[PDB]
Amino acid sequence: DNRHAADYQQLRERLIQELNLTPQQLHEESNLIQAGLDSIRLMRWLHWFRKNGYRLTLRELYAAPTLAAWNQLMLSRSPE
């Protein structure tokens, strides 16, 4: 779900080619550790969130490794 969160869409739009994932392998419920998202990607993305002041910690992206989680961590801490 992306309204202001549409910023995350660009994170994700890149994320598709980042591991070279198929769209059927990369929808928001798709597991990122399952797709093989290395921790550098994981740690690269942290800066990309905090870029717009988005609010999450990488510990949460490991805990629930799905695009949806990283994404909803924006909306669930401020409705946007």
# chains A, B, ... in the order shown; residues from 1 in each chain; ligands from 1
$ residues_around --residues "range 36-53 of chain A" --least-positions-apart "5" --cutoff "9 Å" --atoms "only C-alpha atoms" --output "compact mmCIF listing (two decimals) with C-alpha atoms, in the first residue's frame"
# COMPACT_ATOMS: atom_id res chain seq x y z
CA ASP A 7 8.64 6.72 -2.33
CA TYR A 8 9.00 3.04 -1.33
CA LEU A 11 12.85 1.40 -3.61
CA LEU A 15 14.49 -3.90 -5.75
CA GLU A 18 18.42 -5.42 -7.67
CA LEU A 19 18.33 -9.22 -7.20
CA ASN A 31 9.72 -12.86 1.19
CA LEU A 58 16.73 -2.86 9.87
CA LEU A 61 13.29 -5.95 8.01
CA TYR A 62 14.99 -9.16 9.10
CA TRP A 70 9.31 -2.55 5.17
CA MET A 74 6.17 3.70 7.01
$ residues_around --residues "residue 6 in chain A" --least-positions-apart "2" --cutoff "12 Å" --atoms "only C-alpha atoms" --output "PyMOL selection string"
chain A and resi 1-4+8-13+49+52+54+71-72+74-75+80
$ write_last_selection --atoms "C-alpha atoms" --output "PDB file, in the first residue's frame"
ATOM      1  CA  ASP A   1       0.000   0.000   0.000  1.00  0.00           C
ATOM      2  CA  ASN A   2       1.626   3.268  -1.131  1.00  0.00           C
ATOM      3  CA  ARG A   3       0.307   6.839  -0.933  1.00  0.00           C
ATOM      4  CA  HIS A   4       3.149   9.126   0.337  1.00  0.00           C
ATOM      5  CA  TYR A   8       9.002   3.040  -1.331  1.00  0.00           C
ATOM      6  CA  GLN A   9       7.690   2.115  -4.732  1.00  0.00           C
ATOM      7  CA  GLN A  10      10.953   3.417  -6.226  1.00  0.00           C
ATOM      8  CA  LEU A  11      12.851   1.405  -3.613  1.00  0.00           C
ATOM      9  CA  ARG A  12      10.928  -1.565  -4.849  1.00  0.00           C
ATOM     10  CA  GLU A  13      11.052  -0.712  -8.501  1.00  0.00           C
ATOM     11  CA  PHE A  49      14.180   4.854   4.124  1.00  0.00           C
ATOM     12  CA  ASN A  52      12.626  10.996   3.570  1.00  0.00           C
ATOM     13  CA  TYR A  54      10.873   7.218   7.010  1.00  0.00           C
ATOM     14  CA  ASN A  71       6.595  -0.606   3.400  1.00  0.00           C
ATOM     15  CA  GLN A  72       3.947  -0.720   6.116  1.00  0.00           C
ATOM     16  CA  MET A  74       6.169   3.701   7.014  1.00  0.00           C
ATOM     17  CA  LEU A  75       2.317   3.882   7.123  1.00  0.00           C
ATOM     18  CA  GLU A  80       0.620   8.637   4.760  1.00  0.00           C
TER      19      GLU A  80
END
$ select_by_dssp --residues "chain A" --states "helix (DSSP H, G or I)" --output "count of residues only"
46
$ atom_distance --atom1 "CA of residue 28 in chain A" --atom2 "CA of residue 16 in chain A"
11.1 Å
$ closest_residue --among "A:30, A:60, A:20, A:5" --to "residue 78 in chain A" --atoms "only C-alpha atoms"
A:5
$ atom_distance --atom1 "CA of residue 76 in chain A" --atom2 "CA of residue 22 in chain A"
27.5 Å
$ atom_distance --atom1 "CA of residue 33 in chain A" --atom2 "CA of residue 77 in chain A"
23.5 Å
$ decode --residues "chain A" --atoms "C-alpha atoms" --output "CSV table (one decimal), in the first residue's frame"
chain,number,residue,atom,x,y,z
A,1,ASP,CA,0.0,0.0,0.0
A,2,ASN,CA,1.6,3.3,-1.1
A,3,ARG,CA,0.3,6.8,-0.9
A,4,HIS,CA,3.1,9.1,0.3
A,5,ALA,CA,4.8,5.8,0.8
A,6,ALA,CA,4.9,5.8,-3.0
A,7,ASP,CA,8.6,6.7,-2.3
A,8,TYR,CA,9.0,3.0,-1.3
A,9,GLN,CA,7.7,2.1,-4.7
A,10,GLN,CA,11.0,3.4,-6.2
A,11,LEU,CA,12.9,1.4,-3.6
A,12,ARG,CA,10.9,-1.6,-4.8
A,13,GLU,CA,11.1,-0.7,-8.5
A,14,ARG,CA,14.8,-0.9,-8.1
A,15,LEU,CA,14.5,-3.9,-5.8
A,16,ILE,CA,13.1,-6.0,-8.6
A,17,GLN,CA,16.2,-5.6,-10.8
A,18,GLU,CA,18.4,-5.4,-7.7
A,19,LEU,CA,18.3,-9.2,-7.2
A,20,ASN,CA,16.9,-9.7,-10.7
A,21,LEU,CA,13.6,-10.9,-9.5
A,22,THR,CA,10.6,-11.9,-11.5
A,23,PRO,CA,7.3,-9.8,-10.8
A,24,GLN,CA,5.7,-13.1,-9.7
A,25,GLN,CA,8.7,-13.3,-7.2
A,26,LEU,CA,8.3,-9.7,-6.2
A,27,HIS,CA,5.0,-8.6,-5.0
A,28,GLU,CA,4.6,-7.0,-1.5
A,29,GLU,CA,3.9,-10.4,0.3
A,30,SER,CA,7.0,-12.0,-1.3
A,31,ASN,CA,9.7,-12.9,1.2
A,32,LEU,CA,12.9,-11.0,0.6
A,33,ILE,CA,15.3,-13.3,2.5
A,34,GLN,CA,13.5,-16.0,0.5
A,35,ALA,CA,14.5,-14.2,-2.6
A,36,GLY,CA,18.1,-14.0,-1.4
A,37,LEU,CA,18.3,-10.3,-0.4
A,38,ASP,CA,21.8,-10.1,1.0
A,39,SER,CA,22.5,-8.0,4.0
A,40,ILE,CA,24.3,-5.3,2.0
A,41,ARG,CA,21.1,-4.7,0.2
A,42,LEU,CA,19.4,-4.8,3.5
A,43,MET,CA,21.8,-2.2,4.9
A,44,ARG,CA,21.8,-0.2,1.8
A,45,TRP,CA,18.0,0.3,2.0
A,46,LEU,CA,18.1,1.6,5.5
A,47,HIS,CA,19.6,4.8,4.3
A,48,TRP,CA,17.0,5.0,1.5
A,49,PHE,CA,14.2,4.9,4.1
A,50,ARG,CA,15.7,7.4,6.4
A,51,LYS,CA,16.2,9.6,3.3
A,52,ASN,CA,12.6,11.0,3.6
A,53,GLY,CA,12.6,10.6,7.2
A,54,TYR,CA,10.9,7.2,7.0
A,55,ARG,CA,10.9,5.4,10.2
A,56,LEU,CA,12.2,1.9,10.7
A,57,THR,CA,15.1,-0.1,11.9
A,58,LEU,CA,16.7,-2.9,9.9
A,59,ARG,CA,16.1,-5.3,12.7
A,60,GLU,CA,12.5,-5.2,11.6
A,61,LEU,CA,13.3,-6.0,8.0
A,62,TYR,CA,15.0,-9.2,9.1
A,63,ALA,CA,12.1,-10.0,11.5
A,64,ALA,CA,9.5,-9.7,8.8
A,65,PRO,CA,11.3,-10.0,5.5
A,66,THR,CA,8.7,-9.0,3.1
A,67,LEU,CA,8.3,-5.8,1.1
A,68,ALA,CA,5.0,-5.2,2.7
A,69,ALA,CA,6.6,-5.1,6.2
A,70,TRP,CA,9.3,-2.6,5.2
A,71,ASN,CA,6.6,-0.6,3.4
A,72,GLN,CA,3.9,-0.7,6.1
A,73,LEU,CA,6.6,0.3,8.7
A,74,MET,CA,6.2,3.7,7.0
A,75,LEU,CA,2.3,3.9,7.1
A,76,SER,CA,2.0,2.2,10.5
A,77,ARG,CA,4.1,4.9,12.2
A,78,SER,CA,2.4,7.8,10.5
A,79,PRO,CA,-0.6,7.5,8.1
A,80,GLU,CA,0.6,8.6,4.8
